[PDB]
Each structure stands twice: as structure tokens, then as C-alpha cells.
>>> print(open('model08.txt').read())   # compact mmCIF, C-alpha atoms
# COMPACT_ATOMS: atom_id res chain seq x y z
CA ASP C 1 0.61 -31.97 -21.90
CA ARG C 2 -0.21 -33.61 -18.57
CA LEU C 3 3.01 -32.21 -17.11
CA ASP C 4 1.70 -28.67 -17.69
CA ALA C 5 -1.62 -29.43 -15.95
CA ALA C 6 0.16 -30.55 -12.77
CA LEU C 7 2.41 -27.47 -12.64
CA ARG C 8 -0.07 -24.96 -14.09
CA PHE C 9 -1.45 -23.75 -10.75
CA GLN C 10 1.89 -23.06 -9.09
CA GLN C 11 3.37 -21.43 -12.20
CA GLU C 12 0.36 -19.12 -12.52
CA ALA C 13 0.48 -18.29 -8.81
CA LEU C 14 4.21 -17.52 -9.06
CA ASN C 15 3.70 -15.29 -12.12
CA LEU C 16 0.80 -13.47 -10.45
CA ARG C 17 2.91 -12.92 -7.33
CA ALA C 18 5.71 -11.46 -9.46
CA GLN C 19 3.27 -9.14 -11.26
CA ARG C 20 1.72 -7.95 -8.00
CA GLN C 21 5.22 -7.47 -6.59
CA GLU C 22 6.04 -5.21 -9.54
CA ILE C 23 2.80 -3.28 -8.99
CA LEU C 24 3.52 -2.79 -5.28
CA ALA C 25 7.08 -1.64 -6.00
CA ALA C 26 5.69 0.80 -8.57
CA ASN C 27 3.38 2.11 -5.85
CA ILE C 28 6.38 2.54 -3.55
CA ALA C 29 8.49 4.26 -6.22
CA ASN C 30 5.74 6.73 -7.18
CA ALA C 31 4.94 7.62 -3.56
CA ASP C 32 5.95 11.26 -4.10
CA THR C 33 4.16 11.86 -7.41
CA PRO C 34 1.28 14.30 -6.77
CA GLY C 35 -1.95 12.94 -8.22
CA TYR C 36 -0.81 9.31 -8.40
CA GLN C 37 -3.39 6.70 -7.40
CA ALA C 38 -2.23 3.55 -5.64
CA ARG C 39 -3.19 0.57 -7.79
CA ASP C 40 -3.36 -3.11 -6.91
CA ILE C 41 -4.81 -6.41 -8.13
CA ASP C 42 -7.08 -8.89 -6.38
CA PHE C 43 -4.86 -11.97 -6.30
CA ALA C 44 -7.55 -14.64 -5.91
CA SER C 45 -9.88 -13.43 -8.68
CA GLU C 46 -7.05 -13.02 -11.20
CA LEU C 47 -5.73 -16.46 -10.25
CA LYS C 48 -9.18 -17.89 -11.00
CA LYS C 49 -9.23 -16.01 -14.31
CA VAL C 50 -5.81 -17.24 -15.44
CA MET C 51 -6.40 -20.83 -14.29
CA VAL C 52 -9.83 -21.08 -15.95
CA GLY C 53 -5.32 -20.06 -27.63
CA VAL C 54 -5.90 -21.08 -31.30
CA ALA C 55 -2.46 -21.32 -32.97
CA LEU C 56 -3.01 -20.36 -36.62
CA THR C 57 -2.71 -23.34 -39.04
CA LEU C 58 0.62 -23.82 -40.91
CA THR C 59 -0.01 -25.58 -44.26
CA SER C 60 3.67 -25.78 -45.36
CA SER C 61 7.22 -24.71 -44.34
CA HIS C 62 7.15 -21.07 -45.58
CA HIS C 63 3.83 -20.40 -43.79
CA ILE C 64 4.56 -18.22 -40.70
CA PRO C 65 3.20 -19.57 -37.34
CA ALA C 66 0.76 -17.48 -35.23
CA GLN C 67 2.51 -14.63 -33.31
CA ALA C 68 1.46 -14.23 -29.63
CA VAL C 69 0.95 -10.78 -27.97
CA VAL C 70 -4.86 -8.42 -15.58
CA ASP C 71 -7.12 -5.64 -14.26
CA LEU C 72 -5.87 -3.03 -11.79
CA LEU C 73 -8.06 -2.00 -8.87
CA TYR C 74 -7.60 1.30 -7.06
CA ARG C 75 -6.65 1.15 -3.40
CA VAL C 76 -9.09 2.75 -0.97
CA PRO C 77 -7.29 5.79 0.49
CA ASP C 78 -6.84 5.99 4.24
CA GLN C 79 -5.58 9.51 4.86
CA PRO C 80 -6.34 12.51 2.63
CA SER C 81 -3.15 14.18 1.44
CA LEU C 82 -3.09 17.64 -0.16
CA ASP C 83 -1.24 16.69 -3.36
CA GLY C 84 -3.70 13.92 -4.27
CA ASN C 85 -1.28 11.07 -3.54
CA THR C 86 -3.11 8.14 -1.93
CA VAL C 87 -0.09 5.86 -1.44
CA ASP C 88 0.24 4.83 2.22
CA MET C 89 3.69 3.68 3.34
CA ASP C 90 2.72 1.20 6.05
CA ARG C 91 -0.01 -0.65 4.15
CA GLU C 92 2.06 -1.22 1.02
CA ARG C 93 5.22 -2.06 2.98
CA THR C 94 3.32 -4.84 4.75
CA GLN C 95 1.82 -5.99 1.43
CA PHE C 96 5.28 -5.95 -0.18
CA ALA C 97 6.77 -8.10 2.59
CA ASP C 98 3.80 -10.49 2.40
CA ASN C 99 4.11 -10.81 -1.38
CA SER C 100 7.83 -11.54 -1.04
CA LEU C 101 7.06 -14.27 1.50
CA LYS C 102 4.37 -15.81 -0.70
CA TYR C 103 6.66 -15.72 -3.74
CA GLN C 104 9.26 -17.64 -1.74
CA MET C 105 6.59 -20.13 -0.62
CA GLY C 106 5.47 -20.67 -4.21
CA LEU C 107 9.06 -21.22 -5.29
CA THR C 108 9.45 -23.78 -2.50
CA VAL C 109 6.28 -25.67 -3.44
CA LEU C 110 7.09 -25.72 -7.16
CA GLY C 111 10.64 -26.88 -6.48
CA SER C 112 9.37 -29.64 -4.21
CA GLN C 113 6.95 -30.86 -6.90
CA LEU C 114 9.67 -30.85 -9.56
CA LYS C 115 12.12 -32.63 -7.23
CA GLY C 116 9.53 -35.31 -6.47
CA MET C 117 8.85 -35.81 -10.17
CA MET C 118 12.62 -36.14 -10.59
CA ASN C 119 13.29 -38.69 -7.85
CA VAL C 120 10.43 -40.75 -9.26
CA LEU C 121 12.45 -41.01 -12.48
CA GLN C 122 16.01 -41.29 -11.16
CA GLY C 123 17.28 -44.86 -11.04
CA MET Y 1 -6.50 69.20 14.89
CA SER Y 2 -3.61 71.30 13.58
CA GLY Y 3 -0.21 71.19 15.27
CA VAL Y 4 -0.25 67.52 16.32
CA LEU Y 5 1.05 64.43 14.52
CA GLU Y 6 -0.36 60.94 15.06
CA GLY Y 7 2.04 58.08 15.70
CA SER Y 8 1.75 54.36 15.09
CA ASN Y 9 -0.50 51.97 17.01
CA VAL Y 10 1.97 49.10 17.53
CA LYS Y 11 1.19 47.58 20.93
CA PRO Y 12 4.43 46.15 22.37
CA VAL Y 13 2.71 43.76 24.80
CA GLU Y 14 0.92 42.05 21.91
CA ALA Y 15 4.17 41.87 19.92
CA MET Y 16 6.07 40.27 22.82
CA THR Y 17 3.33 37.71 23.48
CA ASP Y 18 3.17 36.92 19.75
CA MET Y 19 6.93 36.32 19.65
CA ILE Y 20 6.82 34.01 22.67
CA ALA Y 21 3.90 32.03 21.22
CA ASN Y 22 5.56 31.81 17.79
CA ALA Y 23 8.82 30.51 19.27
CA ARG Y 24 7.02 27.86 21.32
CA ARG Y 25 4.87 26.76 18.36
CA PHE Y 26 7.95 26.52 16.12
CA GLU Y 27 9.71 24.30 18.66
CA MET Y 28 6.65 22.04 18.96
CA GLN Y 29 6.45 21.61 15.18
CA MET Y 30 10.17 20.83 14.97
CA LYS Y 31 9.73 18.15 17.64
CA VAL Y 32 6.81 16.62 15.73
CA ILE Y 33 8.88 16.60 12.53
CA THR Y 34 11.74 14.83 14.31
CA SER Y 35 9.38 12.19 15.73
CA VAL Y 36 7.82 11.49 12.32
CA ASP Y 37 11.21 11.25 10.61
CA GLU Y 38 12.54 8.82 13.22
CA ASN Y 39 9.39 6.69 12.96
CA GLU Y 40 9.69 6.44 9.17
CA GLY Y 41 13.38 5.58 9.47
CA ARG Y 42 12.51 2.69 11.77
CA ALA Y 43 9.57 1.64 9.58
CA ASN Y 44 11.65 1.45 6.31
CA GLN Y 45 13.36 -1.86 7.30
CA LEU Y 46 10.22 -4.04 7.05
CA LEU Y 47 10.87 -4.16 3.31
CA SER Y 48 13.79 -6.53 4.03
CA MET Y 49 11.83 -9.67 3.10
>>> encode(input="model08.txt", output="C-alpha cells")
Amino acid sequence: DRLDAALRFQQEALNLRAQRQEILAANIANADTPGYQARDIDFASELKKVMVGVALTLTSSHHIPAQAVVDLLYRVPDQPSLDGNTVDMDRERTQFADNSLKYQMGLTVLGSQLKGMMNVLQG
Amino acid sequence: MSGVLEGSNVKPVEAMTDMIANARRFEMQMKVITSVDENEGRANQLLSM
């Protein structure tokens, strides 16, 4: 559908921001686990990958339709801890706040596009 | 030598200096701990959007 193509980029950006938000909050929650590595995703490359499948064929009514079913990069440690935990509070707190801001911005842009498509139709 | 007993070799000057140094070091570490805790308390508000 053409409607999907217009809203594909912002939807994928919003979903990627939510996933990275979950990853950052997981990094915050597991700050005290000894031996836990701080993981993160490269937002731009994954957004390229998602932006850049074959529903199985249903011959009749009984035939069952096809059933549907990111890469994590390690953060470079800054300070060496003794328990092997590489999670840094300041870095991930700033990243968490930034991801929240960008999620809000994506919501704003997507809502503006939908509202414009709506006022085009209203009449 | 028979008829003499040897006592301990605890030097009291060294013990007193060690106690003074230990007390001062303990107070310095407690101050550092307080500073770090206060800094983290201030830093844990950024997460509010």
C-alpha cells in the first residue's frame, strides 16, 4: 500500500527507538550484575537495514496462512571495575534521556503526518 | 643465657603513629564515600525525560 510507504520510515524509527530504549533500560537494571557487558545497537545502520516476506499461498479456505516469527554491539568500557561490570551510569543516563527525547520527536512527526493526511480528507 | 626471660618487641611509638594514620585515613575515605554518594544522588534525576 502507498500509505505504508509514506509512514514506513517514521514507524521503523519509532520501533527502533523503543527497542533501543528497552536495551538501555536493561543496561541500567543490570548495572550491579558482576560480569554483565553493556550492550547497545547502532541506530542508523539498523534503520538502514529495516528500511531496505513471502506469505505462503492459500489454495482454499481450510489451508492455513503463513505464520510469522537486530544485532547488539558491545559498549566500549571507560573505567575498569573489579567485578567485570562495564556499565557506566553517566553515559547510559545521557543516552536514555536522548532516546526518550527522540522517541517523543518521532511521535510528534508521525502524528503531524497522520493529522495532515486527515485534514486533507475532512470535508 | 639461663635465668633471663625475653619479652615482646612491640614498639609503642610505632603503634601510636599507626593508630593516628589509620584514623586519618579512615576519615578521608568516609569523606570520599559521602562525596560520591551525593554526586550519584544528584546525577540520578537526568533520567526524568
>>> closest_atom_pairs(input="model08.txt", of="chain Y", to="segment 95-119 of chain C", cutoff="7 Å", atoms="all atoms listed in the file", output="tab-separated table")
residue	atom	partner	partner_atom	distance
Y:46	CA	C:97	CA	6.9
Y:47	CA	C:97	CA	5.7
Y:49	CA	C:97	CA	5.3
>>> atom_distance(input="model08.txt", atom1="atom CA of residue 74 of chain C", atom2="atom CA of residue 92 of chain C")
12.8 Å
>>> residues_around(input="model08.txt", residues="segment 45-50 of chain C", least_positions_apart="3", cutoff="10 Å", atoms="all atoms listed in the file", output="PyMOL selection string")
chain C and resi 8-9+12-13+15-17+41-42+70-71
>>> atom_distance(input="model08.txt", atom1="atom CA of residue 41 of chain Y", atom2="atom CA of residue 89 of chain C")
11.6 Å
>>> residues_near_point(input="model08.txt", point="(1.3, -1.3, -3.4)", cutoff="8 Å", atoms="only C-alpha atoms", output="PyMOL selection string")
chain C and resi 21+23-28+38-40+87+91-93+95-96
>>> closest_residue(input="model08.txt", among="C:51, C:82, C:90, C:68", to="chain Y", atoms="only C-alpha atoms")
C:90
>>> axis_aligned_box(input="model08.txt", around="segment 60-74 of chain C", padding_each_side="8 Å", output="lines of an AutoDock Vina configuration file")
center_x = -0.4
center_y = -12.2
center_z = -26.3
size_x = 31.3
size_y = 43.1
size_z = 54.5
>>> atom_distance(input="model08.txt", atom1="atom CA of residue 53 of chain C", atom2="atom CA of residue 66 of chain C")
10.1 Å
>>> closest_residue(input="model08.txt", among="Y:35, Y:9, Y:45, Y:17", to="chain C", atoms="all atoms listed in the file")
Y:45
>>> residues_near_point(input="model08.txt", point="(-0.3, 8.1, -5.7)", cutoff="8 Å", atoms="only C-alpha atoms", output="number ranges by chain")
C: 27, 30-38, 84-87
>>> closest_residue(input="model08.txt", among="C:63, C:122, C:5, C:94", to="chain Y", atoms="all atoms listed in the file")
C:94
>>> decode(input="model08.txt", residues="segment 20-43 of chain Y", atoms="N, CA, C and O atoms", output="compact mmCIF listing (two decimals), in the first residue's frame")
# COMPACT_ATOMS: atom_id res chain seq x y z
N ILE Y 20 47.16 6.80 64.67
CA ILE Y 20 46.82 8.14 64.18
C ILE Y 20 46.62 8.12 62.67
O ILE Y 20 45.63 8.65 62.14
N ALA Y 21 47.55 7.47 61.95
CA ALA Y 21 47.45 7.40 60.50
C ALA Y 21 46.19 6.65 60.07
O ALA Y 21 45.52 7.05 59.11
N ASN Y 22 45.86 5.56 60.76
CA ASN Y 22 44.68 4.78 60.40
C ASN Y 22 43.41 5.59 60.60
O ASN Y 22 42.50 5.56 59.76
N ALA Y 23 43.32 6.32 61.72
CA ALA Y 23 42.14 7.15 61.96
C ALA Y 23 41.99 8.21 60.87
O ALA Y 23 40.89 8.40 60.32
N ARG Y 24 43.08 8.89 60.53
CA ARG Y 24 43.00 9.93 59.50
C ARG Y 24 42.62 9.34 58.14
O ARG Y 24 41.79 9.91 57.42
N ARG Y 25 43.21 8.20 57.78
CA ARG Y 25 42.88 7.57 56.51
C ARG Y 25 41.41 7.15 56.47
O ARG Y 25 40.73 7.33 55.45
N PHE Y 26 40.91 6.60 57.57
CA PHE Y 26 39.51 6.20 57.63
C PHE Y 26 38.59 7.40 57.43
O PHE Y 26 37.61 7.32 56.68
N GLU Y 27 38.89 8.52 58.08
CA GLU Y 27 38.07 9.71 57.88
C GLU Y 27 38.12 10.21 56.44
O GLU Y 27 37.08 10.60 55.90
N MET Y 28 39.30 10.19 55.81
CA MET Y 28 39.38 10.60 54.41
C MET Y 28 38.53 9.71 53.51
O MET Y 28 37.82 10.22 52.62
N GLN Y 29 38.57 8.39 53.72
CA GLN Y 29 37.78 7.50 52.88
C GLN Y 29 36.28 7.70 53.11
O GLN Y 29 35.49 7.64 52.16
N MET Y 30 35.88 7.95 54.36
CA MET Y 30 34.47 8.23 54.61
C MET Y 30 34.02 9.51 53.90
O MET Y 30 32.92 9.56 53.34
N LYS Y 31 34.87 10.54 53.90
CA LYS Y 31 34.53 11.76 53.18
C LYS Y 31 34.38 11.51 51.68
O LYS Y 31 33.45 12.02 51.05
N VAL Y 32 35.30 10.72 51.11
CA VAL Y 32 35.20 10.41 49.68
C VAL Y 32 33.90 9.66 49.39
O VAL Y 32 33.22 9.93 48.39
N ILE Y 33 33.55 8.70 50.25
CA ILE Y 33 32.31 7.94 50.06
C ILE Y 33 31.11 8.87 50.08
O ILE Y 33 30.20 8.76 49.24
N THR Y 34 31.07 9.81 51.03
CA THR Y 34 29.96 10.75 51.10
C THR Y 34 29.87 11.59 49.84
O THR Y 34 28.77 11.79 49.30
N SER Y 35 31.01 12.07 49.34
CA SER Y 35 31.00 12.88 48.13
C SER Y 35 30.45 12.10 46.94
O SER Y 35 29.61 12.60 46.18
N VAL Y 36 30.90 10.85 46.79
CA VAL Y 36 30.45 10.04 45.65
C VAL Y 36 28.95 9.77 45.75
O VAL Y 36 28.22 9.84 44.75
N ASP Y 37 28.47 9.45 46.96
CA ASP Y 37 27.05 9.16 47.13
C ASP Y 37 26.20 10.38 46.80
O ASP Y 37 25.18 10.28 46.11
N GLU Y 38 26.62 11.56 47.28
CA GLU Y 38 25.87 12.78 46.98
C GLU Y 38 25.86 13.07 45.48
O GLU Y 38 24.83 13.47 44.92
N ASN Y 39 27.01 12.88 44.82
CA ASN Y 39 27.08 13.11 43.38
C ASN Y 39 26.13 12.19 42.63
O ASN Y 39 25.42 12.63 41.71
N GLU Y 40 26.10 10.90 42.99
CA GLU Y 40 25.19 9.98 42.30
C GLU Y 40 23.73 10.33 42.58
O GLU Y 40 22.88 10.21 41.68
N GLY Y 41 23.42 10.77 43.80
CA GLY Y 41 22.07 11.20 44.10
C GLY Y 41 21.63 12.36 43.23
O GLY Y 41 20.50 12.39 42.74
N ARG Y 42 22.52 13.33 43.03
CA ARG Y 42 22.20 14.44 42.13
C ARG Y 42 22.10 13.97 40.68
O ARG Y 42 21.28 14.48 39.91
N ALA Y 43 22.94 13.01 40.29
CA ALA Y 43 23.00 12.61 38.89
C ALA Y 43 21.80 11.77 38.48
O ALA Y 43 21.45 11.72 37.30
